[PDB]
């Protein structure tokens, strides 16, 4: 709801389906604590990661497990994963979409923050 992830495949021109995504939140001791996770759907989307109540201001890391995705397709990839690290703020749009476009040796990511 307040945090959605969408993953696209630039080789096949398709959603990136069944990609593991792990979200972490930075703790007071500066370590990454697990926050939410899932696998992208047939549409390349992962919804329901968190709720407005739980998604408080803080520093979050979204890890997209790109290496396993490419290995499953038989394509040798460069990255171990794609990592998106950002601060969530309450004076900004209410909904965060993290979009990632994947190629074997490249990835691009953007944030769409609305409301």
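Numbering follows the first chain given and starts at 1.
Annotation for 16-24 versus 94-102: the higher mean temperature factor (C-alpha) is found in 94-102. Just going by the entry, 25-33 versus 71-79 on mean CA temperature factor gives the higher value to 25-33. Ranked within its chain, residue 57 lands in the middle third, by CA B factor from the PDB record. Residue-level temperature factors show residue 45 in the middle third of its chain, judged at the C-alpha atom. Residue 66: CA B factor in the lowest third of modelled residues in this chain (values from the PDB entry). The deposited CA B-factor of residue 111 belongs to the lowest third of values across its chain.
Sorting the modelled residues of the chain by their CA temperature factor places residue 4 in the middle third.
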